[PDB]
Amino acid sequence: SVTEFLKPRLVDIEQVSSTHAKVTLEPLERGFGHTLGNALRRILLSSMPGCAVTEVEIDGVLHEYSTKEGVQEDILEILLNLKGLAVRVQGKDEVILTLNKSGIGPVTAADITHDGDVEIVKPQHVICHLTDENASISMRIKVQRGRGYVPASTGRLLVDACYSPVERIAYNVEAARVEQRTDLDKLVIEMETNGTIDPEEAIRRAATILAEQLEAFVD
Amino acid sequence: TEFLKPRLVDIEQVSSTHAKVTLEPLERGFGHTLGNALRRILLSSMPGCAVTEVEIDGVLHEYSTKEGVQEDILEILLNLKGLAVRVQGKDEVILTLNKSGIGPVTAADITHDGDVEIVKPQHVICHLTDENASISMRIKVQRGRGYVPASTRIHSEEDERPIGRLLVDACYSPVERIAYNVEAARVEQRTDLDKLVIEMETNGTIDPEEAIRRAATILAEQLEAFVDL
Amino acid sequence: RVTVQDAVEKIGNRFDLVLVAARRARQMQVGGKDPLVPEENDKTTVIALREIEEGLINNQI
Amino acid sequence: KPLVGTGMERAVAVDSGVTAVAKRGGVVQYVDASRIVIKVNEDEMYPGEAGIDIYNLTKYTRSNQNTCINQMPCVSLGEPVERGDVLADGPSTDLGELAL
Amino acid sequence: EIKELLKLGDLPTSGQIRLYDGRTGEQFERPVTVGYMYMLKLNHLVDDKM
Amino acid sequence: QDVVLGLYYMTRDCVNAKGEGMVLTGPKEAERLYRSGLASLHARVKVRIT
Amino acid sequence: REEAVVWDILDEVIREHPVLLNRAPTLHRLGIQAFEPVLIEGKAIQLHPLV
């Protein structure tokens with residue numbers, strides 16, 4: 001007993017989407033449902049590494065303040081919508097991609113100059129809509145490697161970086177029991193993620209990050 | 001990817017009971033994440049060592065009284081519940097105690113051993129108050145973890161204990177409060193390296209140089225289920 | 001599942017839903033029939049309410 | 001003890017008669033949480049008497065409402081006491097203050 | 001005079017203290033009152049009624 | 001009463017706040033912004049909504 | 001004897017058997033209501049806050 005605390009097994013992957021899953025553990029010792037649920041939360045939401053769009057250069061603009069015509073939604077929205085694009089960068093710190101399109105209709109991330117060195121993991125992401133017989137737009141999009149979520153605090157247009165792929169993570173603890181006690185915790189972790197990584201593996205990455213800290217103490 | 005990993009660079013046993021320990025350096029957030037995880041683990045899950053039964057020579061139940069002693073037998077049990085000791089490689093031990101003559105009775109009166117070590121000799125069990133007075137008793141100690149109330153314990157023993165034993169509630173967990181704090185420190189000519197300080201108050205049976213590693217171990221193995229998925 | 005309103009959409013008198021749910025649950029518990037809905041080892045109480053969801057019960061049956 | 005009170009506790013606990021109160025002044029001769037016994041001083045003794053006031057305390061006993069009522073000493077051997085000092089706490093008292 | 005006593009202790013005279021939640025170590029927003037109320041167990045305890 | 005206290009507190013606007021005035025693509029990153037402590041809950045913002 | 005099986009049986013008996021809770025006095029129909037029970041270690045009846 002004295003050093004053989006109860007260990008969970010995954011009760012389910014409980015998967016409802018490729019984007020979101022409800023990985024549940026049972027039993028955990030009393031109170032550990034927070035001690036791990038939140039600990040992995042704080043890892044997952046803020047200290048997972050990854051790659052994201054970081055800066056934009058649409059043709060001839062000094063500030064997204066300038067609502068250049070030919071596009072339906074103004075540049076403040078194109079700027080955030082380009083933050084919406086999930087991307088994978090292989091082996092590099094920062095990479096610039098180019099995008100252009102022409103003709104009346106939408107623009108999509110599928111229209112980017114796909115290097116193959118970089119994967120746009122969701123091509124069908126609409127970027128904007130075009131609004132004249134002569135409508136075409138061309139831009140450089142910078143993608144960068146980094147960690148967590150970094151706000152707009154630091155012709156280029158700066159934007160917040162979504163390096164962590166976790167769109168949301170949440171967790172609960174709840175009653176679970178065995179044949180003789182009910183003071184034990186279940187843990188439900190729910191998370192939703194941008195498609196760069198599947199969640200039942202993102203958590204295995206995160207559990208590793210946390211485990212690596214302990215490696216200098218564990219006997 | 002640039003993660004600096006911690007080492008437990010320093011410790012200060014400020015008292016025979018209280019100590020500080022520091023883990024350094026840490027990245028963003030990990031000062032908080034470990035800072036709270038280890039506090040919550042240290043409070044729940046450090047193993048320790050408690051009195052668990054007491055047999056006193058002439059008493060019959062908790063509510064009685066002994067001639068020539070200043071406490072109801074009950075307040076003797078409330079006193080022994082707080083007594084704390086190390087035991088060396090044992091799941092339990094029995095301590096004999098004897099005293100006679102007027103004055104205090106204190107843990108220093110227990111029949112000492114090499115394999116038991118008491119954190120505070122002056123913790124007081126009762127007073128004797130008559131010239132011929134005595135008490136003799138067999139305090140049984142057990143190892144364990146968390147807290148186990150005697151009412152559930154005897155319901156877990158399932159044989160019928162003899163008349164004239166007393167039972168006490170078990171409170172093994174040896175740490176009474178834990179605090180954590182995070183701050184920046186000089187390493188590599190750079191900022192946002194957290195020196196985590198954890199500082200702790202204990203019953204005196206354990207030293208942080210074990211305790212923080214044991215807590216980290218518990219965490220590290222509980223966490224296996226999330227990488228083994 | 002618990003709120004029976006979608007069964008009341010089908011038995012538009014709410015009293016008849018108790019008389020019909022009881023009758024059908026008795027055909028299961030007592031009459032020895034078994035459900036046309038997939039059972040999950042629910043009580044007949046719930047099975048009969050889940051038999052209204054398949055849209056295949058009224059007091060003709 | 002309540003940490004914040006009104007100073008009426010020093011009266012309710014004594015006048016309610018449930019703390020055992022020193023009938024005459026003297027010195028504590030013996031104590032054992034069942035008896036307390038006081039060597040009364042000759043300035044308040046009656047001349048033919050032994051001169052010794054025992055107080056056999058009531059120990060664990062049912063109240064009319066089934067709560068226990070064990071009195072406990074507050075004195076120490078050889079301690080002086082004066083007429084009307086609390087010798088022994090009642091239920092719900094300590095050092096003679098009310099303490100619910 | 002309460003403030004004066006709290007100043008004689010080394011205590012915060014606002015009476016309030018910042019607290020953290022032991023489920024996460026997050027700080028609570030704004031301090032909260034902390035101090036030593038007196039509380040009585042009443043004779044209506046539950047196993048006598050269940 | 002406590003539920004409505006919480007919802008009142010959650011939905012006020014405080015004219016000074018941490019992270020005030022930025023533009024977000026949805027509630028989920030609103031929550032990431034709150035939970036990481038980057039924006040205060042009653043801070044003013046613009047969001048895309050659906 | 002309260003043997004180790006009985007709870008796994010109980011948690012099958014009860015598994016969805018509504019139980020009726022009412023205070024007294026019970027002025028109006030909303031004063032008796034039914035709830036699905038879930039088991040508890042203590043001795044109090046855990047009621048839902050809004051109700």
# chains A, B, ... in the order shown; residues from 1 in each chain; ligands from 1
$ interface_residues --of "chain A" --to "chain F" --cutoff "12 Å" --atoms "only C-alpha atoms" --output "ChimeraX atom specification"
/A:38,41-47,76-85,148-153,159-162,164-170,191-194
$ residues_around --residues "range 34-48 of chain E" --least-positions-apart "4" --cutoff "7 Å" --atoms "only C-alpha atoms" --output "list in words"
residues 2 and 100 of chain D; 16 and 17 of chain E
$ select_by_dssp --residues "range 4-36 of chain G" --states "alpha helix (DSSP H)" --output "JSON, numbers by chain"
{"G": [6, 7, 8, 9, 10, 11, 12, 13]}
$ write_last_selection --atoms "N, CA and C atoms" --output "mmCIF file, in the first residue's frame"
data_model
loop_
_atom_site.group_PDB
_atom_site.id
_atom_site.type_symbol
_atom_site.label_atom_id
_atom_site.label_comp_id
_atom_site.auth_asym_id
_atom_site.auth_seq_id
_atom_site.Cartn_x
_atom_site.Cartn_y
_atom_site.Cartn_z
ATOM 1 N N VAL G 6 -23.350 -6.243 -2.980
ATOM 2 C CA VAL G 6 -24.671 -5.658 -2.904
ATOM 3 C C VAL G 6 -24.713 -4.283 -3.516
ATOM 4 N N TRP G 7 -23.647 -3.499 -3.383
ATOM 5 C CA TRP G 7 -23.646 -2.190 -4.026
ATOM 6 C C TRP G 7 -23.679 -2.273 -5.537
ATOM 7 N N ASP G 8 -23.002 -3.230 -6.134
ATOM 8 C CA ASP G 8 -23.091 -3.318 -7.580
ATOM 9 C C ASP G 8 -24.441 -3.801 -7.989
ATOM 10 N N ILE G 9 -25.122 -4.479 -7.097
ATOM 11 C CA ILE G 9 -26.510 -4.761 -7.382
ATOM 12 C C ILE G 9 -27.359 -3.523 -7.207
ATOM 13 N N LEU G 10 -27.109 -2.770 -6.157
ATOM 14 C CA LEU G 10 -27.914 -1.596 -5.871
ATOM 15 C C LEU G 10 -27.804 -0.564 -6.949
ATOM 16 N N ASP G 11 -26.682 -0.359 -7.411
ATOM 17 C CA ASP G 11 -26.435 0.508 -8.510
ATOM 18 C C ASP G 11 -26.893 -0.053 -9.809
ATOM 19 N N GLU G 12 -27.634 -1.145 -9.754
ATOM 20 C CA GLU G 12 -28.387 -1.651 -10.889
ATOM 21 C C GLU G 12 -29.880 -1.584 -10.652
ATOM 22 N N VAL G 13 -30.302 -1.849 -9.421
ATOM 23 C CA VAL G 13 -31.685 -1.647 -9.018
ATOM 24 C C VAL G 13 -32.112 -0.229 -9.307
#
$ closest_atom_pairs --of "chain B" --to "chain D" --cutoff "10 Å" --atoms "only C-alpha atoms" --output "tab-separated table"
residue	atom	partner	partner_atom	distance
B:63	CA	D:60	CA	7.0
B:64	CA	D:60	CA	8.2
B:65	CA	D:34	CA	7.2
B:66	CA	D:32	CA	7.6
B:67	CA	D:32	CA	6.1
B:68	CA	D:32	CA	4.8
B:69	CA	D:32	CA	5.0
B:70	CA	D:32	CA	5.0
B:71	CA	D:33	CA	6.1
B:72	CA	D:33	CA	6.4
B:73	CA	D:33	CA	9.8
B:102	CA	D:77	CA	9.8
B:103	CA	D:77	CA	9.7
B:127	CA	D:32	CA	9.1
B:128	CA	D:32	CA	8.4
B:129	CA	D:31	CA	6.7
B:130	CA	D:30	CA	7.5
$ closest_residue --among "B:85, B:4, B:135, B:9" --to "residue 50 in chain B" --atoms "only C-alpha atoms"
B:85
$ select_by_dssp --residues "chain E" --states "strand (DSSP E)" --output "PyMOL selection string"
chain E and resi 16-17+32-33
$ residues_around --residues "range 41-51 of chain G" --least-positions-apart "2" --cutoff "12 Å" --atoms "only C-alpha atoms" --output "VMD selection string"
(chain A and resid 175 to 178 180 to 184) or (chain E and resid 45 to 50) or (chain F and resid 1 to 4) or (chain G and resid 7 19 to 23 30 to 39)
